[PDB]
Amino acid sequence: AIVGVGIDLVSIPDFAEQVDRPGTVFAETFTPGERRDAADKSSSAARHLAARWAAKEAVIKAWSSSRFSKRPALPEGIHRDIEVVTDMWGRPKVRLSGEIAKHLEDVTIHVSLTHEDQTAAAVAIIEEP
């Protein structure tokens, strides 16, 4: 059965404006170099980092709505415990660590991401047999 579903839409300009601020949730996710690059909204880096961000958000939303979430407020370091990386063809891959990793060992996480010029989006489906 499906465990949780998440969708996220990212304004690429709003992302560029927020991405390169110290100690943001982005800083736990992306390197300082990546965030500097992505601060230019016209850049390839902004488009692809914003889609990576949408994917992570979508995954967190699916988690939030699921039975693995107890309190309504996200736990500590959910943002370090969930990573979404892309292969050299831009296909996303979910990587778990910490408590999330242990808790979600027996569930599958499906994720897809996309972007146009102004907007990025992703969908996540958490699923179990």
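Each residue number is its position in the shown sequence, starting from 1.
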| item | value |
| --- | --- |
| Residue range whose averaged C-alpha B-factor is higher in the record, 101-109 or 8-16 | 101-109 |
| Entry-level comparison of average CA B-factors, 69-77 and 47-55, reporting the higher stretch | 69-77 |
| B-factor third for the C-alpha atom of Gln118 within its chain | highest |
| Ranked against its chain, the third holding the CA B-factor of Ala62 | lowest |
